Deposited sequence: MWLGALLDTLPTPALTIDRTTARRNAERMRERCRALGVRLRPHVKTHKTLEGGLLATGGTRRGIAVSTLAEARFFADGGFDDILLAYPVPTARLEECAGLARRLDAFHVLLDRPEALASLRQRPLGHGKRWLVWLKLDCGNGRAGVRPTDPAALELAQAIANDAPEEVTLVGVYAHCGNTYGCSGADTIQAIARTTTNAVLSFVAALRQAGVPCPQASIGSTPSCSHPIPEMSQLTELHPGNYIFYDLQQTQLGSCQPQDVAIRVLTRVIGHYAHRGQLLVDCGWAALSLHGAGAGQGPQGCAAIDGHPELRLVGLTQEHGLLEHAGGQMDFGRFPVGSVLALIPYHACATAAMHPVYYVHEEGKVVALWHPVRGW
């Protein structure tokens, strides 16, 4: 479809503005340069080699992934310095070890002594150590050890020193995912600040105890979009969603509408005057239901038409009302193309086997994401 005009694509179609995405990627890289920290982009928003190449500024080095299928896909694509940003899967250690042996640098995360115990009973060998990060829970309420829990310091000690030829402690890793529960720069920054200070305190505690911890990593798209100076005391930031942004991030204050690279293109396929509704060929199969539970009106906005809203999604159909009761079927003929702005980029992207990547109205590339586990 290279060269094709967007309104020519078969819908529903996930489109990515390459100019916007390139810009988002370069901006995050510059924020990190200004802070003096490295950027380790998380790839789970797009799951593509091409997106990885952009986020990484062409180097193919320094990413985080959320599954072993991503790890393998990006490894096969020539990436390295790959962090599996997930409690290391002790049931699949053979797969992890295969990656650790193929890659110059494959990093894993853990937060349980039994997980460290599992790594010990499956040595890598071959002059390779498990490159282990300690996952810190700093308010996220998910995985990781609490920085004020004595268990944390001891686990860090165990990872760093207890078998230095089989296992090394690369650093601590926190994810301030809680920034999603609060709107406005001020609250986002407070969470960033709490998380940053918790990490810094923990690292200071480690250095006082003699536990070598060379790296410290936090990041979420909301906090990395408006960074605080305290972040220059860390070594690495690992946001991911920012490469695309979405309506959720626009509502949070992370970005402006112009920063959202992603749309789902859909065609009007029906008028129903007796109901006041347009029928479009985008249902939850192209969109997901993210944004609904917090109904369908929250799943997407119609780009350039605030008057319209979603009022129904089935697997392959969506219903649009003017919810001014004042619909104008003449302005939206059957066959015309609307651009939906989805609530959650990661969720929408996971529904598409292909992304139509465009510049100035025309398709310039096709990106095909990996999926699965």
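Original post:
How would you list, in order, the spans of the deposited sequence that the model does not cover?
Top reply: According to the deposited record, C-alpha coordinates are absent for 1, 296-297, which together make up the missing parts.
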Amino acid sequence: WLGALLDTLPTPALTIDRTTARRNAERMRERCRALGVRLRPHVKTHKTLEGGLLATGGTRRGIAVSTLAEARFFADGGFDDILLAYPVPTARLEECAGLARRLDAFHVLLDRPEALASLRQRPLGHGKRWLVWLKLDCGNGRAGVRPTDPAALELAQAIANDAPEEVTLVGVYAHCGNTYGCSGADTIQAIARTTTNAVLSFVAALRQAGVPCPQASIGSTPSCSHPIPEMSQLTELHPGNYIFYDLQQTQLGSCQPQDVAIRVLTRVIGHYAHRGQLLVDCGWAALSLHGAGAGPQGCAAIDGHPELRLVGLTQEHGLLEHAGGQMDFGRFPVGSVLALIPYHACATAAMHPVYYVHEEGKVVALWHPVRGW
From here on, numbers count along this sequence of modelled residues.
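Original post:
Is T221 unresolved, in the sense of carrying no coordinates, in at least a third of the other compared entries?
Top reply: No, none of the compared structures omit it.
Original post:
Looking at the other compared entries that model residues on both sides of it, is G270 unmodelled in at least a third of them?
Top reply: That residue is present in all of the other compared entries.
Subject >> Greater mean Cα temperature factor according to the PDB record, 346-354 or 361-369 >> reply: According to the entry, 361-369 carries the higher average C-alpha B-factor.
**OP:** Averaging only over Cα atoms, indicate whether 118-126 or 104-112 has the higher B-factor in the PDB entry.
**Re:** Higher mean C-alpha B-factor in the PDB entry: 118-126.
Original post:
If you check the C-alpha B-factor for each of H290, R72, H238, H274 in the entry, which is highest?
Top reply: Highest C-alpha B-factor among the listed residues goes to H274.
**OP:** Between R40, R60, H322, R27, let me know which has the highest C-alpha B-factor in the entry?
**Re:** Of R40, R60, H322, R27, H322 has the highest C-alpha B-factor.
**OP:** Please place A163 in the lowest, middle or highest third of its chain by C-alpha B factor as given in the entry.
**Re:** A163: CA B-factor falls in the highest third of its chain.
Original post:
Relative to the other modelled residues in the chain, which third contains the C-alpha temperature factor of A294: lowest, middle or highest?
Top reply: As the PDB entry reports it, the C-alpha B-factor of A294 lands in the highest third of its chain.
Subject >> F202 by Cα B-factor - lowest, middle or highest third of the modelled chain >> reply: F202: CA B-factor falls in the middle third of its chain.
Subject >> CA B-factor ranking of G51, expressed as a third of its chain >> reply: Tercile = lowest for this residue's CA B-factor.
Original post:
When the modelled residues of the chain are sorted by Cα temperature factor, does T194 land in the lowest, middle or highest third?
Top reply: For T194, whose C-alpha B-factor we compare with every modelled residue in the chain, the answer is the highest third.
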